[PDB]
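An overview of the molecular structure
One-letter residues, chain by chain:
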Amino acid sequence: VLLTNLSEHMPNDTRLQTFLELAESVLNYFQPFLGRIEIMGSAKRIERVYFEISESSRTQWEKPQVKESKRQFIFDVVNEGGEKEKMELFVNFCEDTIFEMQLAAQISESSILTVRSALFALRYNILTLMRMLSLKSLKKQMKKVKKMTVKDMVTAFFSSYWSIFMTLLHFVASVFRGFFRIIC
Amino acid sequence: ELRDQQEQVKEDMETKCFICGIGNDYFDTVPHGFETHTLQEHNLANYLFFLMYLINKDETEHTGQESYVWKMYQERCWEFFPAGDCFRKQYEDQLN
Amino acid sequence: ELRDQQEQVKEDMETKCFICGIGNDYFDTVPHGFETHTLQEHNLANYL
Amino acid sequence: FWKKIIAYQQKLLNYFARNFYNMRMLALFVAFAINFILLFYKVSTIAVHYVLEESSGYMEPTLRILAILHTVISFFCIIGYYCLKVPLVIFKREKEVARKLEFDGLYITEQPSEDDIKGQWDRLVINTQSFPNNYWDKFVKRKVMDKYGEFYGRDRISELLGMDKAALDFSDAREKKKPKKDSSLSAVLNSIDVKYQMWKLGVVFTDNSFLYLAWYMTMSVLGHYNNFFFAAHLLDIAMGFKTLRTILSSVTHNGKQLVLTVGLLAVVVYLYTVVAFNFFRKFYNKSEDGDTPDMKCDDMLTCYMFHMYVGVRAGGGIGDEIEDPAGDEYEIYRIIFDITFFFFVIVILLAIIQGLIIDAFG
Amino acid sequence: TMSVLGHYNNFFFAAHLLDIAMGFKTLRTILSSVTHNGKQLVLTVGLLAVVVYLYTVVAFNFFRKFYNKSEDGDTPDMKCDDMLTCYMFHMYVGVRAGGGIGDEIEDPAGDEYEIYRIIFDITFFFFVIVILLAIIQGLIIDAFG
Ligand SMILES: Nc1ncnc2c1ncn2[C@@H]1O[C@H](COP(=O)(O)OP(=O)(O)OP(=O)(O)O)[C@@H](O)[C@H]1O
Ligand SMILES: Nc1ncnc2c1ncn2[C@@H]1O[C@H](COP(=O)(O)OP(=O)(O)OP(=O)(O)O)[C@@H](O)[C@H]1O
Ligand SMILES: [Zn+2]
Ligand SMILES: [Zn+2]
């Protein structure tokens with residue numbers, strides 16, 4: 001807190017930034033617990049105040065119910081709120097929320113199968129597609145296609161994509177079968 | 001009407017600060033200045049945490065600033081909330 | 001249209017003074033300045 | 001030999017990629033032509049006959065020619081998609097996985113959620129030698145290495161990324177230099193990275209647009225067995241024309257709210273069914289001849305079916321279809337029942353649906 | 001030309017009442033609601049015609065038995081034995097009907113296809129009668145706004 005105060009009130013002191021580089025790790029550790037607000041001080045100046053924020057308070061603040069209450073509060077203030085009562089309503093909301101987070105902290109004291117089936121279907125069907133190349137038996141085809149003409153060339157070009165589309169159809173059927181087995 | 005109200009809430013929160021009420025452009029003269037101001041300098045969650053800490057702190061252990069804010073919260077005066085001013089605006093010359 | 005007209009009336013009265021016509025921000029450079037101006041300095045009831 | 005076959009393959013791929021969109025227009029035009037020819041179809045004699053009756057007589061061969069052409073164009077549209085838009089999908093996927101690997105450690109520090117099929121399937125491509133095949137950055141493996149090589153161990157990072165350790169130093173040292181021509185079948189077989197092609201095929205199969213095109217081709221094929229299967233291709237206008245997108249976006253903008261409104265209507269109708277079944281079972285006779293009574297609300301499921309179908313489709317409510325209550329001890333209660341049904345179901349809920357559509361437009 | 005033809009047939013003078021849209025600027029504001037989104041209004045009708053054609057395909061393939069429209073049993077008048085006739089029926093009677101095609105075709109009670117036909121009728125009513133007409137009305141209202 002002392003170092004943050006000094007840094008923010010002396011923004012261009014090279015000796016101070018080198019010292020902060022020395023103090024880097026501690027500041028990183030204490031960043032979540034360090035609070036920072038600005039108030040209209042007694043000396044008719046805006047004064048910045050540093051305090052401590054507790055981990056329990058932060059967690060209870062980040063609980064989803066408190067977030068929903070915050071959204072409702074902001075909606076109400078923006079839509080049907082005046083400028084006089086804005087800070088009064090904000091303080092009332094803060095008090096109610098503080099009470100509810102304290103009570104929550106008090107009380108709080110001490111799918112996959114379908115994804116797996118789809119992945120297995122992908123692996124199996126793609127493997128069955130790739131066995132055709134993995135046999136390394138393309139020699140028999142190469143015997144006849146040594147006399148490679150444009151017609152046979154285009155025929156093989158189409159046949160590859162036709163095989164891919166057959167594999168996709170088989171994969172979709174396998175997915176449906178697995179999903180039915182899972183739901184049953 | 002409900003959709004327009006939601007849009008109005010979004011626009012207000014994205015264009016002006018909740019506490020001081022200054023527009024986004026003034027802070028945006030410095031890059032990311034508006035979000036820096038609304039998330040570190042004038043965060044409403046920080047004010048809530050400060051009220052929590054000040055209530056849960058012993059009155060005898062209060063500092064001068066804490067005692068000022070405590071007395072004034074007890075008397076329900078909200079002048080201590082910065083309205084129309086901020087650290088940057090006060091120290092424009094020195095900070096920049 | 002009726003709802004939009006009501007909203008326009010509200011926005012105009014909340015953003016600029018009835019008499020002089022200056023915006024709210026200029027008065028709001030001083031806290032509560034706009035309502036001070038529109039309720040003590042330039043109040044239309046006071047002119048009436 | 002290979003220098004010619006690869007060149008001609010590339011020419012064909014380029015042609016299909018260039019003409020992908022024109023073929024997608026031609027498929028729609030042929031689909032409209034086939035469906036217009038099918039509109040002059042009649043059944044004859046039960047005996048169901050696939051007989052096209054027309055005065056000209058030539059539309060019958062024209063239908064077969066058009067069906068064959070449609071199937072060919074549908075196949076060509078899959079080929080063109082593969083040549084044109086698959087590379088962009090692979091590029092984006094490889095970019096995303098690389099960024100998650102480097103700036104998030106998606107497989108070094110953290111692990112996939114075991115419920116993300118994309119994340120689980122992407123584990124295959126990390127070990128591949130042909131990684132960023134499409135993505136420009138070829139130093140992602142050396143970047144992850146430099147980022148996490150000390151904390152998580154160089155030998156473990158290298159194993160995760162498929163980086164081979166000793167080969168680099170053993171080649172930088174005294175190393176034999178003799179290349180071997182790829183013209184051999186063994187060489188061209190060894191060149192292919194099986195695992196990377198596996199992962200790429202999986203990504204393509206999981207792609208939505210490729211699945212839609214496969215469905216298109218499947219329906220085109222089934223159209224030969226039954227010609228009326230070609231009518232499903234008229235559902236492609238929503239994607240073919242950008243003008244229909246604006247109209248359909250009104251419906252799709254608030255689809256969740258539209259479904260919830262129907263669910264709420266089904267609940268309100270169920271409550272009305274409960275009330276009618278408990279108190280007004282006498283007015284639900286739907287038989288004109290008195291000898292056989294046909295009661296529609298003696299059963300809960302039948303009464304709910306009646307209310308959901310006839311009562312909802314009726315313009316005045318369930319009172320338009322059930323018996324008149326005049327001169328009965330429950331006349332007032334039944335009148336309230338009918339009026340409330342008409343007001344809440346017929347008037348308000350349908351107004352909610354229409355308001356949702358109008359608000360989507362606005 | 002229409003004024004001249006009015007002498008041969010006096011009822012040709014009724015076409016000149018179509019001139020009010022241009023004569024009065026007040027009607028321009030009302031008509032601009034329709035003309036502002038005319039392309040969308042035509043496309044909506046085209047989409048309705050396609051959806052009705054799909055429903056006609058389904059009815060022709062599976063529900064040809066419920067489309068008898070003759071009261072006397074001696075002469076059956078089937079409206080869906082022909083594709084064009086069935087489409088005409090669906091486009092005219094079914095669309096103009098307030099409850100859908102189920103208001104005009106035979107009751108499906110006690111049939112093996114009862115559930116499928118009920119789904120058919122409900123979906124027709126929801127998509128055609130309720131949604132598409134709502135799209136047209138929303139287009140007009142949005143043009144006003
Ligand atoms: N004093 C303020 N404190 C916090 N946010 C402010 C303040 N003034 C304005 N804002 C605006 O509020 C935005 C944050 O929105 P908000 O706090 O309502 O939550 P959110 O972004 O909707 O989501 P979440 O619930 O996850 O925090 C900031 O980006 C900023 O533009
Ligand atoms: N010259 C002005 N005189 C008074 N109010 C003004 C003037 N210029 C602007 N205003 C605005 O009018 C607001 C007061 O609203 P208004 O006088 O219409 O009544 P109200 O708040 O709706 O209620 P009430 O009828 O109880 O007075 C002020 O808050 C201010 O923003
Ligand atoms: Zn602020
Ligand atoms: Zn004034």
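Residues numbered from 1 in each chain as written, not as in the entry; some residues may be left out. Chains lettered and ligands numbered in written order. Part of a larger assembly, values for the part shown. Heavy atoms only, no water.

- Per the PDB entry, chain D is named Ryanodine receptor 2, and its organism is Homo sapiens.

- In the nomenclature of the PDB entry, chain C is known as Ryanodine receptor 2 of Homo sapiens.

1. Quick notes on the UniProt feature "intramembrane region" in chain D
- Taking the UniProt record as the reference, the feature "intramembrane region" is found at residues 311-320 of chain D.
- Counted over residues 311-320 of chain D, helix gives 30% and strand 0%. Its end C-alpha atoms are 8 Å apart. (UniProt positions renumbered as here; feature names shortened; annotations may be inferred. Helix = DSSP H or I, 4+ residues; strand = E, 2+ residues; numbered from the N terminus.)

2. Let's talk about the site of ligand 1
- Around ligand 1 sit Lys 67, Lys 70 and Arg 71 of chain A together with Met 13, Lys 16, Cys 17, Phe 18, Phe 34, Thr 38, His 42, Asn 43 and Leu 44 of chain B, and those are all the residues in its vicinity.
- Residues within reach of ligand 1 are spread across chains A and B.
- Taking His 42 of chain B, its main chain carries an N or O atom lying 2.6 Å from a nitrogen atom of ligand 1.
- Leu 44 of chain B has a polar backbone atom sitting 3.4 Å from a nitrogen atom of ligand 1.
- Against a free-state accessible area of 640 Å², the protein chains account for coverage of 66% of ligand 1.
- Element by element, the count of residues in the shell around ligand 1 is highest for helix α5 (residues 64-80) of chain A, at three residues. (Near = heavy atom within 4 Å. Polar contact = N/O pair within 3.5 Å; in protein donor to acceptor, adjacent residues only side chain to side chain. Areas by Shrake-Rupley, 256 points an atom, 1.4 Å probe, with all protein chains shown as cover.)

3. Describing a positive patch on the surface
- Among the surface-exposed residues, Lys 139, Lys 143, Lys 146 and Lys 147 of chain A lie close enough to one another that they form a single positively charged patch.
- Within the secondary structure, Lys 139 of chain A is located in helix α8 (residues 139-145). (Patch = residues over 30% accessible without salt bridge, like charges linked within 9 Å, V, L, I, M, F, W, Y side chains within 5 Å. Salt bridge = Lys/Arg side-chain N within 4 Å of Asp/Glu carboxyl O. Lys, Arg positive; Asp, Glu negative; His and termini not counted. Charge placed at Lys NZ, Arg CZ, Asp CG, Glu CD.)

4. What about the arrangement of the chains?
- The chain pair with the greatest number of contacts, out of six pairs of chains in contact, is formed by chains A and B.
- The two units chain B and chain E never meet; even their closest C-alpha atoms stay 14 Å apart.
- One thing to see here is that chain C and chain E don't touch, and their nearest C-alpha atoms sit 9 Å from each other. (Contact = heavy atoms within 4.5 Å.)

5. Looking at the site of ligand 2
Residues and elements named next belong to chain C.
- For ligand 2, the full set of nearby residues is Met 13, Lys 16, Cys 17, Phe 18, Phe 34, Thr 38, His 42, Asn 43 and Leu 44.
- Contact between ligand 2 and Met 13: an oxygen atom at 3.3 Å from a main-chain N or O atom of the residue.
- Between ligand 2 and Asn 43 there is a distance of 3.4 Å, counted from a nitrogen atom to a side-chain nitrogen or oxygen.
- Burial of ligand 2 by the surrounding chains reaches 48%, relative to a free accessible area of 630 Å².
- Looking at the shell around ligand 2 residue by residue, the class counts come to five nonpolar, three polar and one charged. (Nonpolar A, V, L, I, M, F, W, Y, C, P; charged D, E, K, R; others polar.)

6. What to know about helix α4 (residues 55-62) of chain A
- Considered for burial, the residues of α4 of chain A that qualify are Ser 57, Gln 60 and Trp 61 of chain A. Down the axis of α4 of chain A, the buried set is contained in an arc of 105°. They therefore lie on one face.
- Elements that come into contact with the buried residues of α4 of chain A comprise α5 and α6 (86-107) of chain A together with α4 (44-56) of chain B. (Buried < 20%, exposed > 50% of the residue type's maximum accessible area, 1.4 Å probe, protein only. Arc of directions from axis to C-beta.)

7. As for the coordination of the zinc ion (ligand 4)
All names here are of chain C.
- On the protein side, the zinc ion (ligand 4) has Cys 17 (SG), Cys 20 (SG), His 37 (NE2) and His 42 (ND1) as donor atoms, found 2.0 to 2.3 Å from it.
- Every donor counted, the four donor atoms about the zinc ion (ligand 4) form angles of 96 to 134° at the centre, which fits tetrahedral coordination.
- Donor residues for the zinc ion (ligand 4) sit on one chain with the sequence pattern C-x2-C-x16-H-x4-H. A residue pair is termed long-range when its members are at least 10 positions apart, and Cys 20 in the loop between α1 (2-15) and α2 (24-28) and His 37 in helix α3 (residues 33-41) qualify at 17 residues.
- Given a relative accessible area of 33%, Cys 20 falls into the partly exposed group.
- For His 37, a relative accessible area of 3% gives the class buried. (Donors = N, O, S within 2.8 Å, 3.2 Å for Na, K, Ca; no water. Tetrahedral: all angles 85-135°; square planar, octahedral: opposite > 155°, others 65-115°.)

8. What about the state of the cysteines?
- On inspection of all chains with the given rule, the structure shows two disulfides over all chains.
- There is a disulfide in this structure between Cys 297 of chain D and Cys 303 of chain D, and the S-S distance comes to 2.0 Å. Residues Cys 297 of chain D and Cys 303 of chain D share a disulfide whose torsion about the S-S bond is about -75°; that sign makes it left-handed.
- In this structure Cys 297 of chain D comes out as buried when scored by relative accessible area, which is 0%.
- The class of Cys 303 of chain D is buried, set by a relative accessible area of 0%.
- Linked covalently through their sulfurs, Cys 80 of chain E and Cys 86 of chain E form a disulfide whose S-S length is 2.0 Å. Measuring the twist about the S-S bond at about -75°, one finds the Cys 80 of chain E-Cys 86 of chain E disulfide to be left-handed. For the pair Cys 80 of chain E and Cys 86 of chain E, a shared accessibility class is recorded, and that class is buried. (Disulfide = S-S within 2.5 Å.)

9. Quick word on the interface of chain B and chain A
- Chain B puts 38 residues into the contact, and the matching count from chain A is 42 residues.
- Roughly 3900 Å² is buried in total at the junction of chain B and chain A, and carbon and sulfur atoms are behind 70% of that figure.
- It is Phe 18, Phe 49 and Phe 87 of chain B that lose the most area in chain B upon contact with chain A, and together they represent 18% of the buried surface on that side.
- At the junction of chain B with chain A, the criterion picks out three salt bridges.
- As a salt-bridge pair, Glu 41 of chain B and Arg 48 of chain A come within 3.9 Å of each other at their nearest N and O atoms.
- One can count 13 residue pairs in polar contact joining chain B with chain A. (Buried area = accessible area lost by both parts, 1.4 Å probe.)

10. Remarks on the pairing of strand β1 (residues 34-40) of chain A
All names here are of chain A.
- Extensive coverage of β1 is indicated by the burial of six of its seven residues.
- Across seven bridges, the pairing between β1 and strand β2 (residues 46-52) is antiparallel. Each bridged residue has a counterpart across the sheet, and for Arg 36 the counterpart in β2 is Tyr 50.
- Here β1 folds back onto β2, and the loop between the two strands holds five residues, one of which, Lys 44, carries a positive phi near 55°. (Pairing = 2+ DSSP bridges.)

11. Quick word on the coordination of the zinc ion (ligand 3)
Residues and elements named next belong to chain B.
- Around the zinc ion (ligand 3), the protein contributes the donor atoms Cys 17 (SG), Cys 20 (SG), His 37 (NE2) and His 42 (ND1), which lie 2.0 to 2.3 Å from the metal centre.
- Coordination geometry of the zinc ion (ligand 3): the four donor atoms subtend angles of 96 to 134° at the metal centre, consistent with an arrangement described as tetrahedral.
- Read from N- to C-terminus, the donor residues coordinating the zinc ion (ligand 3) fall into the pattern C-x2-C-x16-H-x4-H. With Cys 20 in the loop between α1 (2-15) and α2 (24-28) and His 42 in the loop between α3 (33-41) and α4, the pair connects residues that are 22 residues apart, well separated along the chain.

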